[PDB]
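Colleague: Chains as they are written, first to last, in UniProt numbering: chain A, 294 to 349, 359 to 395, 405 to 615, 630 to 699; chain B, 294 to 349, 359 to 395, 405 to 615, 630 to 697; chain C, 294 to 349, 360 to 395, 406 to 614, 630 to 697; chain D, 294 to 349, 360 to 395, 406 to 614, 630 to 697; chain E, 294 to 349, 359 to 395, 405 to 615, 630 to 699.
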Amino acid sequence: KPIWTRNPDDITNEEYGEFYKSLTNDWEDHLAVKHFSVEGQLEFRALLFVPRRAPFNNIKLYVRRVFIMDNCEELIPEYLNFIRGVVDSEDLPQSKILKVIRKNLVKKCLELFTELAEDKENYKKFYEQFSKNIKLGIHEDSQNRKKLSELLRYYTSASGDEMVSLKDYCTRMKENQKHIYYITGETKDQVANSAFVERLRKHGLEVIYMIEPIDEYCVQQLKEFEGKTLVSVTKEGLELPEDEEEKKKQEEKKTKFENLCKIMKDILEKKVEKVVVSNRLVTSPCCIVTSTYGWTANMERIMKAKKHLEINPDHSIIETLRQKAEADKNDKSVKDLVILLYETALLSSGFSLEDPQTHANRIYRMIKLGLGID
Amino acid sequence: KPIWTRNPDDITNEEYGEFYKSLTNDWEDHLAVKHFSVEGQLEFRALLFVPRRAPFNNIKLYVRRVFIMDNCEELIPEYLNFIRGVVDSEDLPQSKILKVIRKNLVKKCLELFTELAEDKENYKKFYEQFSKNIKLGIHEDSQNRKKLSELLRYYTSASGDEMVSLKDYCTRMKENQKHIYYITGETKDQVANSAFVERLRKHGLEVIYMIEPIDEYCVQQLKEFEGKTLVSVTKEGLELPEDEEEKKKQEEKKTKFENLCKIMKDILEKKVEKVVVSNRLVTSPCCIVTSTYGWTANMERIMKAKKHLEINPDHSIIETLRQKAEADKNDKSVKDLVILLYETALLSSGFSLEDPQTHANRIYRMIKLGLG
Amino acid sequence: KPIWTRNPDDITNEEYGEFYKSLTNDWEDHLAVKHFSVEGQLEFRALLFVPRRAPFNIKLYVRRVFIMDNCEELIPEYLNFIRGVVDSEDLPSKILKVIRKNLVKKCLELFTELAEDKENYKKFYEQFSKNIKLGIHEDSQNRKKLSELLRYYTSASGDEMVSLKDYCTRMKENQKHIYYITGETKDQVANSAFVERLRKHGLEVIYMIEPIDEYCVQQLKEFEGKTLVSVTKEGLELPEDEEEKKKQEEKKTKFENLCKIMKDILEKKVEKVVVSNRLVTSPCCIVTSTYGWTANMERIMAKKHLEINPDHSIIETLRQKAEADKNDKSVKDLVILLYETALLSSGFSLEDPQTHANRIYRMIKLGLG
Amino acid sequence: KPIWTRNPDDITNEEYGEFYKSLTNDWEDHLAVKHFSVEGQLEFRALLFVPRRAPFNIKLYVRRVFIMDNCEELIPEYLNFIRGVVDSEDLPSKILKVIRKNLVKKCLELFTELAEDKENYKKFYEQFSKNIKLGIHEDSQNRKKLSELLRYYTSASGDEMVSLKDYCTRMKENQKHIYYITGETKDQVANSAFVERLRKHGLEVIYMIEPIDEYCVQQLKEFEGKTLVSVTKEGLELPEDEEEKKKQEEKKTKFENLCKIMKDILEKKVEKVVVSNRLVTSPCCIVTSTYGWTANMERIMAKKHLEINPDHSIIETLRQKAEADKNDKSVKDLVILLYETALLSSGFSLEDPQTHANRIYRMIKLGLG
Amino acid sequence: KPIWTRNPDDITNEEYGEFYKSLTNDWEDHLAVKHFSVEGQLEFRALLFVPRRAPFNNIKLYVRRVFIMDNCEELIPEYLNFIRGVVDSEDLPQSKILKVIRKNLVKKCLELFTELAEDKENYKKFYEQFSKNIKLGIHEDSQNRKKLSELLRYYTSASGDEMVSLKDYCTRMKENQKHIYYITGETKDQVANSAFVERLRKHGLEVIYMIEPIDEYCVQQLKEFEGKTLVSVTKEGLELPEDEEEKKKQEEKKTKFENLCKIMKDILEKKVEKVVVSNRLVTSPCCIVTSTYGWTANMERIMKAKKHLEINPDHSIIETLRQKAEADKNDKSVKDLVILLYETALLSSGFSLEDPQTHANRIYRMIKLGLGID
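1) Decide if the stretch 445 to 462 of chain B is in contact with the stretch 411 to 425 of chain B; the criterion is three or more beta carbon pairs, one per stretch, under 8 Å apart.
2) Spatial neighbours of residue 578/C within its chain, please: CB distance less than 7 Å, with the 5 preceding and 5 following residues excluded, ordered by chain position.
3) Taking only beta-carbon atoms, is residue 352/D less than 7 Å away from chain E?
4) Using C-beta distances below 8 Å, list every residue in its chain close to residue 413/C, excluding the 5 sequence neighbours before and after it, in chain order.
5) Cα-Cα, which of 457/E, 472/E, 450/E is closest to residue 535/E?
6) Look up residue 652/E in the DSSP assignment and say whether it is helix, strand or coil.
7) Taking DSSP as the reference, what is the three-state secondary structure of residue 636/E?
8) Counting pairs of beta carbons, one from the stretch 498 to 514 of chain C and one from the stretch 581 to 599 of chain C, are three or more of them closer than 8 Å?
9) Please list, in chain order, the residues of the stretch 673 to 687 of chain C that have any C-beta partner in chain D closer than 7 Å.
10) Would residue 361/D pass as a contact of residue 333/D if the rule is Cβ separation under 7 Å?
11) So, using beta-carbon positions, are residue 549/D and residue 591/D closer together than 7 Å?
12) Under a three-way DSSP split, which group does residue 566/E fall into?
13) Scan the stretch 566 to 579 of chain A for residues whose Cβ lies nearer than 7 Å to a Cβ of chain B and list them as they occur along the chain.
14) Taking its Cβ as the centre, do 16 or more other Cβ atoms sit within 10 Å of residue 658/A, making it buried, or is it exposed?
15) Closest by CA to residue 674/B, which one among 636/B, 609/B, 411/B?
16) Could you check where the alpha helix (DSSP H) with residue 500/B kicks off and where it finishes?
17) Closest to residue 451/B by CA distance: which of 468/B, 309/B, 531/B is it?
18) Below 8 Å, can you find three or more Cβ-Cβ pairs linking the stretch 649 to 657 of chain C to the stretch 673 to 690 of chain C?
19) What separation, rounded to the nearest whole angstrom, lies between the Cα atoms of residue 326/C and residue 308/C?
20) By Cβ distance below 7 Å, which residues in the same chain neighbour residue 365/A in space, the five residues on each side in sequence not counted?
21) Could you name each continuous beta strand (DSSP E) segment of 3 residues or more that falls completely within the stretch 407 to 492 of chain D, going from the start of the chain to the end?
22) Rounded to whole angstroms, what is the Cα-Cα separation between residue 517/B and residue 571/B?
23) Along chain C, in chain order, which residues have C-beta atoms closer than 7 Å to that of residue 349/A?
24) Identify the residues that DSSP records as bridge partners of residue 390/D: which are they?
25) For residue 540/D and residue 613/D, which I take to be in contact (beta-carbon distance under 8 Å), what is that distance rounded to the nearest angstrom?
26) Is the separation between the beta-carbon of residue 321/B and that of residue 294/E shorter than 7 Å?
27) Residue 386/E CB to nearest chain D CB: under 7 Å?
28) Going straight from the alpha carbon of residue 471/D to that of residue 501/D, what length do you get?
29) Rounded to whole angstroms, what's the CA-CA distance from residue 448/E to residue 382/E? Just pull it up for me.
30) May I ask you to verify whether the stretch 334 to 348 of chain E touches the stretch 433 to 443 of chain E, counting CB pairs closer than 8 Å and requiring at least 3?
31) Chain B beta carbons: is any one of them nearer than 7 Å to that of residue 643/A?
32) From residue 488/B to residue 498/B, what does the alpha carbon distance come to, in whole angstroms?
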């Protein structure tokens, strides 16, 4: 009799929808249904629904077609709490059999979501509602992390205005390419045009643009996809596919600017840990990166710390400032220029001036020069 | 028999303290105590305590020595909800009886606070903990707003590392000074060294440093004190005491840069409503102020805006800029300059930029100029 | 797609009702519906229903997503019979009050349209007048709009209940005050001694005969200028001639001797006695000060003034009969008899109803031997 | 080591109190303490305290481990002023009742010892008599032990309140019933018409002058055999001579004519009138049936019988004065006057207190002209 | 000022005890105190107490010496909920920093418990109150399972009436001994005298006697100690240190009784999965064991299934019944004897007869023979 005891092949979409509206006092029908039964260990039937709109535990529990409760937070994990429906156990009596029901429900929900994905138009419709939940699942459900990660969709430097899957990112990977590059910030345009992605983008190396704050917490646990390790492009020591000749070309620029690097680190005092030669810049003269362990600019923005300033070996500014500096180490104008570079990189790398008026003053002095005063 | 029924001369702080710790399960004793009896139309008895530490309403109510309840909506308003103690009514056979109690408690609490504000040592302990509540009450409680305002203490451009009262501010007001000037920002240093206070500081017109967030909510309601209106130093049209001579000197500068203001506004088009000759700057070449009607940069940052660019007529950058722009109002370089100045002033005024990359690129183009 | 976001002029009463019943689990449909929207400030839509029967809340939506029902501060407590939904566009403490003020605005709007159609205002008012009155008591900003919904029986009005607007159309040129009385029965108050001279003068009196009425008029102080006055309390202003103003003077001194001598021999029982201008056929009545509790106030659980009738035979006799030779158990027997009888007639309880009953037994014992 | 497992004879009142105060957050110590143990069936210990002031529960331990305080069924609701601890040895629905019955046994034991010491029973009884009475009402198994704790004012007892045991020592040989009255004041009930003949006969009457009393006596039906009877209700048994039994017959027929003719002209107001054996000096009173609500029952919010006094002058006159020629506005005026006066004297309210007050105004108007 | 902010070296035991009684309205003082502070990541001080008696979350939370709450079930795991005390954070503002506080509290509680253990008289006093909690911890706190397992104490066939640690069990292990043997049942005597332990005990191989029901749930997750894997002696395929000669002696008894094993399995029909030759019996003629995965006799007793009947190669009864049976396979008296053996093993191995009267009848027939009737 009750709808969850009928054979799925029999029940129609109108029928389900009606049951759903009736179960949830929702004004519209479900977005997706998953309706199944498990055998042997425990016997149970389940009818699960995905709402059209994300809510701002509530599976109804039955035994032998008799209502028990629905406070049962043990049936599904926090992150799938948007799921709604009934579980009809063919008899439960410790109390942990509930774990076995939970695992099945997650199995099937993940199965449902995969199927939604294979419908490539209108996975949009689920994903724009529930990707926060996916991502939250990746953080805290280590057992299903891999499956959950196949459901993610992102903007990438290759994707234009489409969100693409990690699987697709992988099939486009280059040859010596060993790593999945990502960036986290507030906007697609803000990251696309960032100093950190200039060189990857010039060489056709694809960057995932993670542009929602949950992403910060998500990448914390998403270490890898298809055995390729995910690397942040705003952290120290960006590693990128090396040629037998670039690795030599690098160490050659490294010891070239080793000197200027040492004088720069000297005056920048305790504002920066290291001053290294960059491997991620083309047009931008320098940038600020943060240590492998630590807080990013995006994270300090959410907080409402170990910096490295990377210089660009091939930028005229840096290049000439290597002349000036090795000519006169303690020179008062190199000093204020070094800070001004630093201060500029700070801003354009997502950070926030310790004192913005001293920075203002620094600009003022410079433009006073510009206009030919002093 | 119970302590609150005893006569306040016969009770010692050691005894009051012991009661308080019993009452509230604290590990330390109270900071202050008010034990009073209202006699007359409705007689009742109250023993009130201020804690030494602000907690993360909570008054026990008794009728004729018999406990009734403690979760009592509107025995005191929310802003005084830190007070703890008991009220023992001598007669009771939701109502309007509670209004009488509520007014009495609120009088005596404000009484206690004024008293505490002698003994300067101890007011520091109280205010350090409960400044927020005093302010929260100025916003909500109009019947008491003036008493609440005399309890306020602030860091000012005159005061050093001590915080002073509004009364004291007033004792130092100049001649022809009609306004109390305040700035609101994140830190004392930030505000004390903001472009907005340069000239007030030079003339020795005191400025109040408002550096807590509640202050933004608070001055929304503290309109004036002791007949003198409070004015923000970051909003348009800063009025100053100005001698007959100086006014004539300010008017010359207005028309001398009447032209530069015009061309600057044209270039800055959509980003600025008005550019004006400043009266508030000395060392800085310009700053950004917000329309009187609109809302600030301190406020924009607390969410977790009509602008004026004021320009310093006595500044080398500005006096040089006049010359260059009047020589060619279309010089792409004058333009690049103006936008630089605008961006830098925007940063200096607590605003965040539209696109910190383009601003950075500007800087770079420049620092590549003065180098080859 | 949901009903509250559909255009109100498309939606029919069977649909509203289907929705109402479905929202509330009522078996009968709603009694009134108000479906409006708001713009500018804060855009939102509301669908509010008035149930047919008094009880003893509101579903809040943001962008068509359910948030909560409980929401303690959406309508004020006196309008909590109202069921419905509010759907907000832009809502991400201080702004709920913006919603609360609009919802109340449109409820009162609804109630005013409801009042226009008499052949059915009855159905509303019988059920929720208590709420209106509780409204006047607790809500100051709308006290005025709320009192125009009040309906009362009056001296002028027989079996119907009329409005204060209505009362006012019937006021007389000189009349500055709206006169009311509080009691337990329509009959009881209409035949009371207080109304007599007012009625004789053609000045309408409102019969307030719910207990709630006693609590409501604490705060309802005026209407269209005019101030309200109980007829059971000391000091009653009454439009007076230059002629009658001269004549009310006569009595307050002719009977002043009696007024000094009557309270003299009634102390502990009643405190001060004056000439009464509210009396025609009755010889005395107790009025109840201004601070002091009234006979109907005290009932739902002190300060009595005896007012005697100048032009009454009983009073005129008992004047000169007392004035010369101020004693004998008989002059005392009647003065006590006037107090007690006046005290029951004004709706009070004698401490001992034997001291009164035995007195009737003395009066009846020598009515025949 | 904890106090409730220590031997009661070691532990001092300062310790009990220190414990009590610490248990309850009272500022003053306990008023009574009962510390007992139980064996056999189910071993357990209890420490129970009686607070000095009435409120407006019990910590349960098993093997010295805390379980819960709330425990809804440890003492019955009427004994919920009692604070304390119960510590059980063997407790691993049906057995809590075994504890509940023992705790009540020892509470009543405590209250009985409390009553032995008069120079302090006052302190208990003033505070918790309401609870005792609520006990009689709800707890049948202990109704008897509970009524021996009841203390009342009586006709016989002046300014003191006595027990029913005490009442019984003063009963007369022939007396089968315990007579009580319910009213609002001691004075009010002692001077009431109902008590007159009982008092004259030397039969003690209990003055029950709390409202709660009205509710309590619903279920308190007897004591030491003797049954209780209200003096404000129809049919009052009274020890009678062979002589007086013959004489009460005279009146019930002499006045039967009047009894037929009096109810004839009082219908809607009162239903049936008989000769009264509760009256001496008063001429009439209303009694209130057996089903029907009484004047004091109706007060905390119908079926009245007029009982007239045979040996009264007013009644004897009004007999033959009516019998021959049964009319004139005067015979009616007095019969109505007897009803109303009898109705206020019995503690009722007239529908309109003007119909009565005007009648006094007719009687007084020709008491002098 | 407050006791948890004072230096432990300063506060006395009387002082702590008093604070404790006052914090818990407990009539007696604490059994143990642990009082510490953590630095850097978050700063906080904590004062934790162990009660004398097991209760039938309640750490009080403070920030900058200001009370916050105590419902905070995130501060310690279910199984340590008997712990009572205060946590004073030097400022907490997501909300998951709580995890970092939790880990510290568990670290320290486990540290406390270890110290209690090193006091070898009067660890009794903690352990008899809280071993259920230890064991519950082993089930569900996989990260600390190893440390938690060092706290366990058991009766063993070697220990007499002392409870001993797994570490001690290990230092007594034999030479080819690779495994920690245990048995679960209701009583020390019931397990000591069980058929399953006869041979281990004859050879000096030590058996842990697990005699509380939580043990059943505990061994479910306690796979190993010091790299030695725990094996149940009531399960199929007891493996025991093999000599170059016993392994041969076994396979020799195996094929000897291979025949009788097949006829026995034949009549015992679907009551038993296998009938094998035993390797755990000396005096007892046979016994019932249950499959590696499955339910034990003890577990079916808690439920208010795959059996193997092992025969004893050296028991006269079995030995002669191998003669009788290979002489007459389908003989009616061998049949009823085979069941009677089975039925007896069922009872003495913790199980419960499907039909006890048919068993009774079986005995009756036998004793009717005994008395010489039939």
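All C-beta atoms, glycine included, are put in the ideal place defined by N, C-alpha and C.
Modeller: In brief:
1) yes
2) In the third sequence, the residue the question calls residue 578/C occupies position 265. Here the set comprises 660, 663.
3) There are no coordinates for residue 352/D in this structure, because the numbering of chain D runs from 349 directly to 360.
4) Indexing the third sequence from 1 puts residue 413/C at position 100. Excluding positions up to five away in sequence, the list reads 376, 377, 378, 379.
5) The sequence position of residue 535/E within the fifth sequence is 224, counting from 1. It is 457/E.
6) Translated into positions along the fifth sequence, residue 652/E becomes position 327. Helix.
7) Your numbering for residue 636/E matches position 311 in the fifth sequence. Look at residue 636/E here: in three-state DSSP terms it is strand.
8) The stretch 498 to 514 of chain C is in contact with the stretch 581 to 599 of chain C.
9) 673, 675, 680, 681, 682, 684, 685
10) Numbered from 1 along the fourth sequence, position 58 holds the residue referred to as residue 361/D. Numbered from 1 along the fourth sequence, position 40 holds the residue referred to as residue 333/D. Not closer than 7 Å, so no.
11) Within the fourth sequence, residue 549/D is the residue found at index 236, counting from 1. Within the fourth sequence, residue 591/D is the residue found at index 278, counting from 1. Taking 7 Å as the cut-off, the Cβ atoms of residue 549/D and residue 591/D count as close.
12) On the fifth sequence, residue 566/E is found 255 positions in, with the first residue counted as 1. Assigned with DSSP and collapsed to three states, residue 566/E falls in helix.
13) none
14) Mapped onto the first sequence, residue 658/A falls at position 333. Exposed.
15) In the second sequence, the residue the question calls residue 674/B occupies position 349. The shortest C-alpha separation from residue 674/B is found at 609/B.
16) Indexing the second sequence from 1 puts residue 500/B at position 189. Note, residue 500/B: alpha helix (DSSP H), 499 to 503.
17) If you number the second sequence from 1, residue 451/B lands on position 140. Nearest of 468/B, 309/B, 531/B to residue 451/B, Cα basis: 531/B.
18) no
19) On the third sequence, position 33 is the one that residue 326/C refers to. On the third sequence, position 15 is the one that residue 308/C refers to. If you take the alpha carbons of residue 326/C and residue 308/C, they lie about 12 Å apart.
20) Translated into positions along the first sequence, residue 365/A becomes position 63. Excluding residues within five positions, the ones whose Cβ falls inside 7 Å are 391, 393, 394.
21) 464 to 467, 474 to 476
22) Residue mapping note: residue 517/B aligns to position 206 of the second sequence, counting from 1. Residue mapping note: residue 571/B aligns to position 260 of the second sequence, counting from 1. Cα-Cα distance, rounded: 32 Å.
23) Along the first sequence, read from residue 1 onward, the residue named residue 349/A stands at position 56. For a Cβ distance threshold of 7 Å, residue set 368, 370 of chain C lies close to residue 349/A, ordered along the chain.
24) In the fourth sequence, the residue the question calls residue 390/D occupies position 87. DSSP lists 338/D, 364/D as partners of residue 390/D.
25) Stepping through the fourth sequence from its first residue, residue 540/D is reached at position 227. Stepping through the fourth sequence from its first residue, residue 613/D is reached at position 300. Not really, about 25 Å apart at Cβ, beyond 8 Å.
26) Taking the second sequence and counting its residues from 1, one reaches residue 321/B at position 28. Taking the fifth sequence and counting its residues from 1, one reaches residue 294/E at position 1. The answer is yes: Cβ separation under 7 Å.
27) Locating residue 386/E in the fifth sequence gives position 84, counting from the first residue. The beta-carbon of residue 386/E is placed no less than 7 Å from the nearest beta-carbon of chain D.
28) Taking the first residue of the fourth sequence as 1, we reach residue 471/D at position 158. Taking the first residue of the fourth sequence as 1, we reach residue 501/D at position 188. Computed Cα separation, rounded: 14 Å.
29) For the purposes of this step, residue 448/E is taken as the residue at position 137 of the fifth sequence. For the purposes of this step, residue 382/E is taken as the residue at position 80 of the fifth sequence. So the alpha carbons of these two residues sit roughly 8 Å apart.
30) Taking a contact to require three or more Cβ pairs closer than 8 Å, the stretch 334 to 348 of chain E and the stretch 433 to 443 of chain E qualify as touching.
31) The sequence position of residue 643/A within the first sequence is 318, counting from 1. Residue 643/A does not count as touching chain B.
32) As a first step, residue 488/B is located in the second sequence; it is residue number 177 there, counting from the start. As a first step, residue 498/B is located in the second sequence; it is residue number 187 there, counting from the start. Straight-line Cα distance between these residues: approximately 26 Å.
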